[PDB]
Structures are given as structure tokens and as C-alpha cells.
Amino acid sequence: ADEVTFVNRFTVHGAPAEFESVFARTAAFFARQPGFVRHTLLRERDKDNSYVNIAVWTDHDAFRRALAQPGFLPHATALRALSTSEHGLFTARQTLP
């Protein structure tokens, strides 16, 4: 299978510190799932309420098994309370180096 990259754009409606806490707990959850490779949370420079998360998984099935975990639900609910999300699943076509 090929690696998949999940890209999630967040518009944060409450306090960014609270969002980062909730996000940190979400990321720790995913980080102990089989097939998790890496993640980066990015904050937009000219804004205070704009974030993008990039998460890499070994394959599509590992990503969906993680998302299907009942243990994700509290994290999904908390994130939904604090933010509007637009997400997509991608594959990498070029990487340099």
C-alpha cells in the first residue's frame, strides 16, 4: 500500500491555547496507533485562529483503523466544539530531499 497523508484545516473559534491542548491530546492518541508515522501542527502567521495539521500514516487501512477507534470519539467531539474543520486525504507525489 502507499503512505497516506491526512491534511486537516482548522478554523479555531475559542482560545488557541485550549485548542492546542485538545489537539495535543488528540495527537498523543494517534501517535500510539499502529501505522502512525508523523505529524505536524502548523499555525498561520498572519492569523491567530488558523491551523493546519498534516499527519502521515503507513497506509489507508492503518489510518481508517485509527479513526474507527472508540477512543477517538472524545477527541473528535472536543475538536468539533472548538473549531471548524475541512479535511482531505492525499498521497505524496514528490518529496525533496
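A residue's number is simply how far along the shown sequence it sits, counting from 1.
Engineer: Averaged over C-alpha atoms, is the B-factor higher for 39-47 or for 53-61 in this PDB entry?
Structural biologist: Here the higher of the two C-alpha B-factor means belongs to 39-47.
Engineer: Which third, lowest, middle or highest, does the C-alpha temperature factor of residue 31 belong to within its own chain?
Structural biologist: According to the entry, residue 31 has a C-alpha B-factor in the chain's highest third.
Engineer: Per the entry's values, where does residue 79 land by CA temperature factor relative to the rest of its chain, in the lowest, middle or highest third?
Structural biologist: Middle third by C-alpha B-factor.
Engineer: By the record's CA B-factor, is residue 73 among the lowest, middle or highest third of residues in the chain?
Structural biologist: Middle third, going by the recorded CA B-factors of the chain.
Engineer: Check where residue 12 lands among this chain's C-alpha B-factors and tell me if it's the lowest, middle or highest third.
Structural biologist: Residue 12: CA B-factor falls in the middle third of its chain.
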